[PDB]
Every structure is written in C-alpha cells, then in structure tokens.
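So the chains spell out like this:
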Amino acid sequence: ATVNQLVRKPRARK
Amino acid sequence: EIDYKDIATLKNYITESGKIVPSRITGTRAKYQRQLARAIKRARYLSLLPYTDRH
Amino acid sequence: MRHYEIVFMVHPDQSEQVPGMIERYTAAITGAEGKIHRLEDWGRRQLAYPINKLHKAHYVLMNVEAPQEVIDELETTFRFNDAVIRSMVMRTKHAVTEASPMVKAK
Amino acid sequence: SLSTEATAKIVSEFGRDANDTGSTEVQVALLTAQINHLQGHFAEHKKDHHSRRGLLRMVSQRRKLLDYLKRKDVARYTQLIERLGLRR
Amino acid sequence: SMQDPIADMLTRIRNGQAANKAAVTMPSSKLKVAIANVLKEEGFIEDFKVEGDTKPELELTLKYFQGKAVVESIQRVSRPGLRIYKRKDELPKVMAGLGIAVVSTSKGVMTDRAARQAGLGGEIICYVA
RNA sequence: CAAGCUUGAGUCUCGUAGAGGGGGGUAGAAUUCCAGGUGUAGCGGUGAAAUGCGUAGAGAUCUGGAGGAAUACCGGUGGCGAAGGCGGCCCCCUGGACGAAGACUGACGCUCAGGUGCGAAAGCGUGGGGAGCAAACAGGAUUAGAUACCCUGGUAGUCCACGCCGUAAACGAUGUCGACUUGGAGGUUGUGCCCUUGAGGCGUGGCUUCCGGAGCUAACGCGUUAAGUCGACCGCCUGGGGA
Ligand SMILES: [Mg+2]
Ligand SMILES: [Mg+2]
Ligand SMILES: [Mg+2]
Ligand SMILES: [Mg+2]
Ligand SMILES: [Mg+2]
Ligand SMILES: [Mg+2]
Ligand SMILES: [Mg+2]
Ligand SMILES: [Mg+2]
Ligand SMILES: [Mg+2]
Ligand SMILES: [Mg+2]
Ligand SMILES: [Mg+2]
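Residues numbered from 1 in each chain as written, not as in the entry; some residues may be left out. Chains lettered and ligands numbered in written order. Part of a larger assembly, values for the part shown. Heavy atoms only, no water.

Per the PDB record, the structure was determined using cryo-EM to 5.16 Å resolution.

Student: Just to check I follow, could you spell out helix α4 (residues 49-72) of chain D for this structure?
Tutor: Residue pairs spaced three or four apart in an α-helix point in one direction, given the helix's 3.6 residues per turn. All names here are of chain D. With 24 residues, α4 extends 36 Å between its outermost C-alpha atoms, agreeing within 8% with the 34 Å of an ideal straight helix rising 1.5 Å per residue. Within the span of α4, buried status applies to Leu 55, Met 58, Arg 62, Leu 65, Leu 66 and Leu 69. Of the surrounding secondary structure, the elements contacted by the buried residues of α4 are α2 (24-37), α3 (39-44) and α5 (74-83). (Helix = DSSP H or I, 4+ residues; strand = E, 2+ residues; numbered from the N terminus. Expected span 1.5 Å × (residues − 1). Buried < 20%, exposed > 50% of the residue type's maximum accessible area, 1.4 Å probe, protein only. Contact = heavy atoms within 4.5 Å.)

Student: Is there a simple way to think about the protein's contact with RNA strand F in this case?
Tutor: What surrounds RNA strand F is a group of 76 residues, the closest being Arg 29 and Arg 34 of chain B, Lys 53 of chain C, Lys 47 of chain D together with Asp 8 of chain E. Backbone atoms, meaning sugar plus phosphate, form 81% of the atoms of RNA strand F positioned within 4 Å of the protein. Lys 41 of chain B is positioned with one of its side-chain polar atoms (N or O) 3.5 Å from a base oxygen of RNA strand F. A distance of 2.6 Å separates a sugar or linking oxygen of RNA strand F from a polar atom in the side chain of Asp 48 of chain D. A per-element tally of the surface near RNA strand F places helix α3 (residues 30-45) of chain B first, with 10 residues. Tallied by class, residues from the surface near RNA strand F come to 21 nonpolar, 29 polar and 26 charged. (Near = heavy atom within 4 Å. Polar contact = N/O pair within 3.5 Å; in protein donor to acceptor, adjacent residues only side chain to side chain. Nonpolar A, V, L, I, M, F, W, Y, C, P; charged D, E, K, R; others polar.)

Student: I tried to follow the pairing of strand β1 (residues 23-27) of chain E on my own but got confused; where do I start?
Tutor: As a general feature of sheets, a regular strand has side chains that alternate between the two faces. Residue and element names in this part refer to chain E. Burial along β1 is one-sided: the residues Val 24 and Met 26 are buried and none of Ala 23, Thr 25 and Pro 27 is. As judged from the five bridges shared by β1 and strand β3 (residues 57-61), these two strands associate in the antiparallel manner. Within β3, the residue paired with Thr 25 across the bridge is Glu 59. (Pairing = 2+ DSSP bridges.)

Student: Before we go on, may I ask you to explain the packing of aromatic side chains in this structure?
Tutor: Aromatic ring pairs are reported here in terms of the distance separating the ring centres and the angle at which the planes meet. Applying the stated criterion across every chain yields a total of four aromatic pairs over all chains. Clustering of aromatic rings is evident, with ring pairs tying together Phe 8, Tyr 25 and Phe 78 of chain C. (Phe/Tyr/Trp six-rings, centres within 6.5 Å; stacked < 30°, edge-to-face > 60°.)

Student: What is the right way to read the interface of chain B and chain C from this model?
Tutor: A common way to state how big an interface is: give the accessible area lost once the parts meet. Across the boundary between the two partners, chain B contributes 13 residues, which contact 16 residues of chain C. Taking both partners together, chain B and chain C bury about 1300 Å²; carbon and sulfur atoms supply 64% of that area. Its largest share of buried area at the contact with chain C, chain B owes to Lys 5, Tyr 45 and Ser 47 of chain B, together 46% of the area lost on that side. Linking chain B to chain C there are zero salt bridges. Our enumeration of links across chain B and chain C arrives at seven residue pairs in polar contact. If one sorts the elements of the side of chain B that touches chain C by residue count, α3 of chain B sits on top with three residues. A class-by-class count of the residues in the side of chain B that touches chain C yields eight nonpolar, one polar and four charged. (Buried area = accessible area lost by both parts, 1.4 Å probe. Salt bridge = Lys/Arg side-chain N within 4 Å of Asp/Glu carboxyl O.)

Student: Teacher, can you tell me more about the nonpolar core here?
Tutor: One broad rule of soluble globular proteins: the nonpolar side chains tend to lie buried together. The biggest cluster of nonpolar side chains holds 24 residues, and the ones touching the most others in it are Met 26, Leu 60, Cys 126 and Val 128 of chain E. Elements with a minimum of two residues in this core: α1 (5-18), β1, α2 (30-40), β3, β5 (100-105) and β7 (123-128) of chain E. Two domains each put at least three residues into this core: domain 1 (1-71) and domain 2 (72-129) of chain E. The residues touching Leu 60 of chain E, leaving out its near neighbours within four places in the chain, are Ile 13, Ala 23, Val 24, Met 26, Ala 36, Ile 45, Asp 47 and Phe 48 of chain E. Of all hydrophobic cores here, the second largest spans 16 residues; its members include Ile 22, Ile 29, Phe 78 and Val 84 of chain C. (Core = buried A, V, L, I, M, F, W, Y, C linked by side-chain atoms within 4.5 Å. Domains from an automatic or database assignment.)

Student: Looking at this structure, I do not really get the packing of helix α1 (residues 4-14) of chain D against α2 of chain D. What am I missing?
Tutor: Packed helices, taken two at a time, are described by the angle their axes make and the gap between the axes. All names here are of chain D. Relative to each other, α1 and α2 sit at 135°, their axes nearing to 10 Å. Between α1 and α2, the angle is such that the two are oblique. Judged by the twist between their axes, the crossing of α1 over α2 is right-handed. Contacts between α1 and α2 involve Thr 7, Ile 10, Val 11 and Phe 14 on the former and, on the latter, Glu 25, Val 26, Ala 29, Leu 30 and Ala 33. A breakdown of the residues in the contact of α1 with α2 according to their chemical character gives seven nonpolar, one polar and one charged. (Axes fitted to C-alpha atoms, helices over the stretch in contact; angles between N-to-C directions. Parallel < 35°, antiparallel > 145°, perpendicular 65-115°, else oblique. Left-handed = near helix turned anticlockwise from the far one by under 90°.)

Student: Can you walk me through the sheet that holds strand β1 (residues 3-10) of chain C in this structure?
Tutor: The pairing of strands in a sheet happens through backbone hydrogen bonds and is either parallel or antiparallel. All names here are of chain C. In spatial order, the strands read β2-β3-β1-β4; together these four strands make up an open sheet with antiparallel pairing. Every interior strand has two partners, whereas the edge strands, β2 (35-45) and β4 (84-91), have only one. For this sheet, the mean inter-axis angle between neighbouring strands, taken without regard to orientation, is 10°. Relative to strand β3 (residues 57-65), β2 runs antiparallel, the two sharing nine bridges. Directly across from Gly 43, in β3, lies its bridge partner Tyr 59. The sheet contacts of helix α1 (residues 18-31) involve β1, β2, β3 and β4, and relative to β2 the element is tilted by about 165°. Strand contacts of helix α2 (residues 70-80): β1 and β4, with the helix running at about 10° to β1, the strand carrying the most contacts.

Student: What's the story with the side chain of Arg 86 of chain C in this structure? I'm lost.
Tutor: If you trace the backbone, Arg 86 of chain C turns up in strand β4. Look at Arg 86 of chain C: it is buried, it has no salt bridge, and the nearest opposite charge is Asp 82 of chain C at 13 Å. Polar side-chain contacts of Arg 86 of chain C include one of 3.4 Å to the backbone oxygen of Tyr 45 of chain B. Those residues in contact with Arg 86 of chain C that sit more than four places away from it in its chain are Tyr 45 of chain B together with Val 7, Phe 8, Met 9, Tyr 49 and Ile 51 of chain C. (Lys, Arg positive; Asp, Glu negative; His and termini not counted.)

Student: Please explain the arrangement of the chains as it appears in this structure.
Tutor: Where two pairs of chains are in contact, the pair with the most contacts is made of chains B and C. For chain A and chain C, which are not in contact, the least C-alpha distance works out to 55 Å. When C-alpha atoms are compared, chain A and chain D, though not in contact, are closest at a spacing of 26 Å.

Printed below as a string of structure tokens:
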C-alpha cells in the first residue's frame, strides 16, 4: 500500500 | 490512614467464620477495600482474628 | 531514613525477661543515630487461635526510626532467640507517635 | 533513581547554577550514575529480565542524548566523555 | 505525528464542515495563512483571525448553504511520503474546471486559473472540490 | 547552512496507586505418610458393580511429628506489566505508569529490513526433590472388541538450581505514533475550588467496560480507546488442495 515499500521491492508479477 | 490495630473496626468487616465481607454488602469504597484486605492479613498473622469457625 | 513498626511477641513463661530485651536492643539502635517513637508494654493477651501449643501471649509494640544496620542483626537475633516466637516488621509512611487502641482502652 | 542529596549535587556539578537542570549534559549524568549504580545489581540478579528492560531503556536514552551534543557542539562533547568515562 | 500540518489543517476543516460546527481553531503558521486567505478569496470560507504570538492559533469561520456543506470534499494530493510536481501546462483541474487546485509557486499561492496568467508550476497542495 | 522560538519530545521537585520482576525468611488450613490413644465390620468407589484396602484393627475421631506444592474468603468486564503473563504475609534490592505546582534544555522526534533480548505449556541435558495430580503402563468394569470413556493404583513430568529448545486459538483473530469529529450508563485513579454546613456540591486529567447518533462496513458490528475522516513508517497476502 505504501509507495516507500515499493521502493525496496516492487509488486511481484505472477 | 486505615490501620490494623483498631480491631473494633475489623470486627464490623468480617463474618462469624472469619470471612472478609466484600464491598458489595457494606458499600465501602474500593480504595479502602484493598487496604482493609491487607490490614486483616496483618492481623491474621498476629493472632487477632480467627481464620475459620473451625478453631 | 526508613520508619519501621516492629511487632514481636514473647513466650509467656519468660514474661519477666521482657524489660531486659527492651533496653539491650535500644542501646544498639540509639548509638548508631537511631530514633525511637513508641514503646508500649501490654502484658499477657488472649489469642485468636493457639500457636506453638500455648495461650495468653505477651505483646510488645514498637516504632523504630533507624538506618538499615539494625534490620540485618535484629531479625536474626529474633530467630536466634527462643523467647520470641513471632517476629514481624513493617515499613510505615512517616515517623508517627500515637498510642495504640489497646492502650487507650487498657 | 537516587535520593535528594545525590540528585541535586550532580546538577550543581555540571550545571551553571541550581536552575540548570533541564540541559542535556545533566541528563547524561543522571543516566551515567544510574547505570553505574546498577552494575552490581544485575550481576546478582541475571534472572530479573523485567528490570533489565528499564536498564536497556536508559542505555538507549543515553545514546540518543550523546548523539545530540555530538552533532551540534563537539567541544562540550569531548569534555563530558572523559569526565564521566565514556567511549570505552 | 503532525508531520504534514497541511493535511492536519484539511482534517480539521472537513470534520467541522460536515458536523455542523460554527467555527474551528487550529495552530497557525505562515503557510496555513497563505492557504486560508486564498480560500477566503475563493468563496469557500468566510473569515480568519490570528491569536497569540508565542503560540500562534489560527481560527476559521465555517460556511453553509441551508445547513449543507459548502466544501463537500477536499483531497490532499502531495505529501511528505510522495512529492507531486507539475508544469505550467500539466496543471490538473478539479471537477473538469469547477473546483480549484491550490498550487504554490514563486509568485505566491494561487489557483491553476490564476496560474494561466502567471505561467508557472510547482507543488500541488490540495484539490478544493 | 546560520541564528532562533516553544505547543512536540525530555529533565527536576512534591506526591499517590498497583498480583511489576528478582532474592531471602515466615504463617495457617487442607492432602498424604508415620507414631500413639479410644473404637468395630466394613471402608472405598459408580448409572449399577468390580479391581483395591481392612479384624496385623481399616475407615472415622483425637494427640504429636515429618515432607511436598498451592495460596480459600478478600476478588470485582478490578489493578499492573511490551507481551506470554502476574495473587498468603513481611523485609531488602529494583523497574516503569500517572497527577499537581513551577523552573529548565531547545526538535533533542516518529518509525523500523538485517541485528539484539524477552517470550504459555509440553519436551530435551546435568544434579537434586517428591505430597497430591498424572502420558505410557498395571488391574477391574463397559463392550462386538476397550486400545478410549468409568474406577482402583502408578513412572516420566509437574518442584528447584543450571542450561538449551523459541513454537501456541502467543486472540482485542485489529502493527506503532500523532491530529481532529455529537454524546450517556458506570468503574478505577488523582487533583482544584466550595454555606468543610456528611464519606457530599462544582469542575478537571490518567486508565477501563457496556450502550448508541452521524459516518463507515459484504453483513455481523465498530462508532472519541474506530473498524469515522487523515498523515508518518514498517510487516504481510494474490483461487482451493499440493503445502
Ligand atoms: Mg519510583
Ligand atoms: Mg496439612
Ligand atoms: Mg531558553
Ligand atoms: Mg529426556
Ligand atoms: Mg484412565
Ligand atoms: Mg527434567
Ligand atoms: Mg505460528
Ligand atoms: Mg471477540
Ligand atoms: Mg444510528
Ligand atoms: Mg457502539
Ligand atoms: Mg498458491
């Protein structure tokens, strides 16, 4: 949910 | 403020079997009720009030 | 400095040995800057329940203001002496000087 | 923490007057003497893990207060670290 | 905590507008004056006063229609976790041009309607819908 | 970057409450064992019985002693602690929480991947300890069989020291912090003023439960302690089974 979380690891596409 | 030595106050707060009457019956404050509990437990060691009506 | 209320009861067959233990314990307290507030002798007193197969125990109530030097030795010599059958100490809130309800009726 | 004679004297040791009690250097000394007071306690009482939480609170509190004086004025920082025996 | 004070300002406006409050108070700052004075000049609120100099306290007078919310909703856009910036031709509109978008530039705080004559861009503050 | 300012976050004093933790003593019931006394045919146990115990005198009662573990009543959606949790009393050491009056430092803060410590009980290692309860097991009923249930016993373990193990329906099935948004019934804990004219009247912080408006929600329900409106940061999920 947090944009700063996605800096470390993006959303994992299946 | 409350103390264990005045046993006449403690006789009004116990039963005939030495059981401690809770604050539901007497309607006393909850601050004194914890203090009256430990004040009897002081007097129970000093042989001032009986434990049960057995002895 | 702490404020102690010291309760100790004496074996009833040695009830005449009580004023000896009053002034021997006091001289060790007051020499090390220990104050004293209440010293009340009650005599024999009826028990709510028997202890050590006895009745009519002697009661002495005390109040001692003193540092922690006396709290090490005095409780051990209570357990060392066979005269004191029950020893009980407690910390109070202030230095107090007030007669007990036992003295005020007797 | 301590009594009145131990608290008020160390404030007068590191403060400019009796009113200089809220400053950071006093707060280091209040934690420095307290950890030095608890050196012999936790050696005998290693099974007291609940008072160790209060000990680790004050170690973490002293580390954060040393980081404020070090980043602003290092002259007062170099005085207090050897005056109380820090940096190990 | 209070790390976005403009978002704290938008929270205190949106609550008292919906809960029929007559007037609200909040801690003042320079930037909060530069937003509420623009909203005063755009018909969304009524008046603002300053109180206190060692603790600056800002006050806002609410505004209603028949007991109905004038400011229906307001949306914080940029934030300390994610900064938002646009150019002079990428300025977004609110409700296709009905609502205003508070954008602070070097020529002070103005709207995107007022940024057309100014020709500048910068930080988007809030969508006054 | 520089100089600041005080409401954030801290510091001191005066205080109050609490099963907060650790260590060392101590009390009295009850359980069982053992000693003695009086005393006699069953005690014991279940839906009903039996195994088991007892004429070497059981059981019951009374006196006296030993050991072990737990703390009735108080005791309550009561209190405390980061959580698991924590309960006889007393001493010693020690931790945080909260309130009043001011003084003082001047953002010293929030949050957290690795790292670090705590962490129910079972179980594991070494050495103690042993009442009661009680896996496996012994024995008797039950039954088609009883492995379970029920009953009579009983070891490991439960206890302590010293470690290791680090998982739970470890749950409020809600990560933490801050800002705001109508309210009641109470509880707990303080403080300020008031014909003190009663343990009361009036305020006002901390903690906590049950109702309930707007609002939110898949429904249940939440609803100033949010699951309402928002910000700061982190963890985690991507059909079921495989797993
Ligand atoms: Mg304290
Ligand atoms: Mg017994
Ligand atoms: Mg100043
Ligand atoms: Mg093993
Ligand atoms: Mg069985
Ligand atoms: Mg073992
Ligand atoms: Mg798990
Ligand atoms: Mg529930
Ligand atoms: Mg409703
Ligand atoms: Mg509700
Ligand atoms: Mg899968």
